[PDB]
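Topology and contacts: notes
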Amino acid sequence: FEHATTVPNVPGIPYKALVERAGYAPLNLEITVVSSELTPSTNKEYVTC
Amino acid sequence: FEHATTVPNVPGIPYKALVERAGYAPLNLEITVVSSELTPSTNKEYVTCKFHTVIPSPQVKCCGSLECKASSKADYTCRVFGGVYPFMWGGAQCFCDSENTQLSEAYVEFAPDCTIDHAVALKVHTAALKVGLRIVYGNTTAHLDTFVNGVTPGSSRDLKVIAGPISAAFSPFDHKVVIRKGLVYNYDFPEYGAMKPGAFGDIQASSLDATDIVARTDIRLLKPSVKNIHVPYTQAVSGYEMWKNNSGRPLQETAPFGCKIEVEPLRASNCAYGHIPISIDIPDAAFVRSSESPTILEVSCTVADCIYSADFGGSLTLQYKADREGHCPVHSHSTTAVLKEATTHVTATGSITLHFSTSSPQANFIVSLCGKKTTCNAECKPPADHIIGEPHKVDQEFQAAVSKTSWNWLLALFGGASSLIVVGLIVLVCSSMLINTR
Amino acid sequence: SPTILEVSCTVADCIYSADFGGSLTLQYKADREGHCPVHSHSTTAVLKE
Ligand SMILES: *[C@@H]1O[C@H](CO)[C@@H](O)[C@H](O)[C@H]1NC(C)=O
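In terms of determination method and resolution, the entry is listed under cryo-EM at 2.90 Å.

As structure tokens, then:
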């Protein structure tokens, strides 16, 4: 079942929802962002000291 | 007690009814069509296969005449040639220089492999339906094999079941049928003797071992123009092979109503079409008096998560406070929703769950529990899955198939139009009375 | 899935904060014993369980 929702980007804070397919029982679904990783592409120019 | 009802002809899909007999308690009764056989009466017209077209050894008579008589062989073609001079391995075969005579003969016969690779032509008359019925009443099962003509009783002797005529006679077979190796085709074959070369039915016989074989394969015996002894013959192709190359698809793949065709008596099996009126003379011993059935003092139906679907998508709970522990028949009194369970157990108090399948968007049917009737009310959601592997247990109505919200909207708009009409006519009535008074 | 014949929520000592502050009790009657998804259908209040 394709279910689309929106979660916050806060680490922790479980986001809870029900997926409710018609013929079947409501099903719990929570998504938690355990960690996040902004990794930019870095190009090395030089080293100084 | 006699009970007359109408069941669908679909295989499976139990039809459930509640026989109510005065003071003899409600009796559950479900009928399942476990099998169906549409068996027409078939008359064998002929058999056919490839022909062998055997050419006998030529006869030569030199300085003489060699006219030939008629023969009873299948498509016997004989022709006399008067200018021959045959040559075997060893030179000339007779003395006479130019007045020789060769007899060319050519007749067809059944191929050696026609014991399997052959086709049978049948004329098919009207077909009679025979259904296997699993009928359970009370706590007793019964398996019957009933003709659906309308007068023949069932196979079982303890209960009498009479299945009335089908609403619409189907008969998937046309008047002419060809069976080839278990495959059934609706082909318009020629009659016995009204045959044409090249088409299906070049060679015909009553049986494969029959000596009365008739054929009209177009054999032309040409004149021998070579040194060696030869019978130059030309012929049309086998109509069996031509028909086999373009036979199309058999009726095992093109039959309507999901029929499933066999060949040994040539019956169509499990054809879901029409309705069977059925009357059952239930024995009096099956019924029990209403004193021995538990009485439901009060019942309440609460139904949640209803889905109108082919499967049993709805579930309703009956809360009850009866007076004695015992078994009740549970029934749904609508033609749109059907209960899965037909008999439940009843404690002094409690609740029982029941699965039902419906086609209406609204679950506004009446459920009976030892004859005590309650009304359920909910809104049944459309199913999410689109395709299911089992057929629908119920048919689709018009009043049921329109939801209560949509019924409210259409009735509100129609009543608004009618109300403006009524107000207009009332204002004309009042104005006309005022102006004729004045 | 079990079906709920009757449900009613009474909530005591609610307090709007980051912590799960507030206790709502569902009094329920259901025919079959089992396990059940529970959910809050508001984007403002989220359940712990
Ligand atoms: C059929 O037999 C069962 C056996 O469990 C019994 O409970 C039930 O009452 C019987 N039905 C009738 C109609 O007597």
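1. Some points on the overall build of chain A
Assigned secondary structure in chain A consists of zero helices and two strands. Each principal axis of the C-alpha atoms in chain A carries an extent, and together these give about 65 × 20 × 10 Å. For chain A, buried positions account for 10% of its 49 residues. Looking at chain A as shown, the accessible area adds up to about 4,500 Å², and 56% of this sits on carbon and sulfur atoms.

2. Regarding the nonpolar core
Residue and element names in this part refer to chain B. Of all hydrophobic cores here, the largest spans 57 residues; its most connected members are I135, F173, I261, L266 and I280. A total of eight residues in this core trace back to one element, the largest contributor, which is strand 9 (residues 119–137). Counting 24 residues, the second-largest nonpolar core is a separate cluster that includes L318, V330, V346 and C370.

3. Here's the deal with the side chain of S309(B)
Residues and elements named next belong to chain B. If you trace the backbone, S309 turns up in the loop between strand 21 (299–304) and strand 22 (314–320). For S309, a relative accessible area of 16% gives the class buried. When residues no more than four places from it in sequence are discounted, the contact partners of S309 are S357, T358, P383 and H392.

4. Things to note about unusual backbone geometry
A positive phi is found at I13(B), a non-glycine position, where the angle reads about 55 degrees. Relative to the elements of secondary structure, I13(B) occurs in strand 2 (residues 12–20).

5. Notes on the pattern of salt bridges
All names here are of chain B. Across all of its chains, the model carries 16 salt bridges over all chains by this definition. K244 serves as the salt-bridge partner of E241, at 3.1 Å between the closest nitrogen and oxygen. Of this pair, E241 and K244 both sit in helix 1 (residues 239–245), three residues apart, which is roughly one turn of the helix. We classify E241 as partly exposed; its relative accessible area is 30%. Notably, a salt bridge pairs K393 with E390, separated by 3.1 Å at the nearest N-O pair. By sharing partners, the salt bridges in this structure join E45, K123, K176, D188 and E191 into a single network.

6. Details of the interface of chain C and chain A
At the junction of the two partners, chain C supplies six residues and chain A supplies seven residues. Carbon and sulfur atoms supply 71% of the area that chain C and chain A bury against each other, a total of about 540 Å² over both sides. The tally of links from chain C across to chain A stands at zero salt bridges. At the junction of chain C with chain A, the criterion picks out one residue pair in polar contact. A class-by-class count of the residues in the side of chain C that touches chain A yields two nonpolar, three polar and one charged.

7. Section: the sheet that holds strand 21 of chain B
Residues and elements named next belong to chain B. Ordered by their spatial adjacency, four strands build an open sheet running 21-22-26-24, and the pairing between neighbours is antiparallel. For this open sheet the edge positions go to strand 21 and strand 24 (337–339), each flanked by a neighbour on one side alone. The average undirected angle you get between the axes of adjacent strands in this sheet is 35 degrees.

8. As for the state of the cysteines
Per the counting criterion, the structure on display carries eight disulfides over all chains. Each sulfur in the disulfide pair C259(B) and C271(B) lies 2.0 Å from the other. For the disulfide bridge between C259(B) and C271(B), the dihedral angle about the S-S bond is near 140 degrees, and by the sign convention the bridge is right-handed. Taken together, the positions of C259(B) in the loop between helix 2 (251–254) and strand 18 (260–261) and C271(B) in the loop between strand 19 (268–269) and strand 20 (275–281) put the pair 12 residues apart, joining distant regions of the chain. Between the sulfur atoms of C306(B) and its disulfide mate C380(B) the distance is 2.0 Å. Residues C306(B) and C380(B) are joined through a disulfide that is right-handed, its torsion about the S-S bond being 80 degrees. With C306(B) in the loop between strand 21 and strand 22 and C380(B) in the loop between strand 28 (372–375) and helix 3 (404–437), this residue pair connects regions lying 74 residues apart in the sequence. This pair shows no difference in class: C306(B) is buried, exactly as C380(B) is. Here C14(C) stays unpaired: no disulfide links it, and the sulfur of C9(C), its closest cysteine neighbor, is 12 Å away.

Reading guide: rules and limits
- Residues numbered from 1 in each chain as written, not as in the entry; some residues may be left out.
- Chains lettered and ligands numbered in written order.
- Part of a larger assembly, values for the part shown.
- Heavy atoms only, no water.
- Helix = DSSP H or I, 4+ residues; strand = E, 2+ residues; numbered from the N terminus.
- Buried < 20%, exposed > 50% of the residue type's maximum accessible area, 1.4 Å probe, protein only.
- Areas by Shrake-Rupley, 256 points an atom, 1.4 Å probe, with all protein chains shown as cover.
- Core = buried A, V, L, I, M, F, W, Y, C linked by side-chain atoms within 4.5 Å.
- Contact = heavy atoms within 4.5 Å.
- Salt bridge = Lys/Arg side-chain N within 4 Å of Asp/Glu carboxyl O.
- Buried area = accessible area lost by both parts, 1.4 Å probe.
- Polar contact = N/O pair within 3.5 Å; in protein donor to acceptor, adjacent residues only side chain to side chain.
- Nonpolar A, V, L, I, M, F, W, Y, C, P; charged D, E, K, R; others polar.
- Pairing = 2+ DSSP bridges.
- Axes fitted to C-alpha atoms, helices over the stretch in contact; angles between N-to-C directions.
- Disulfide = S-S within 2.5 Å.

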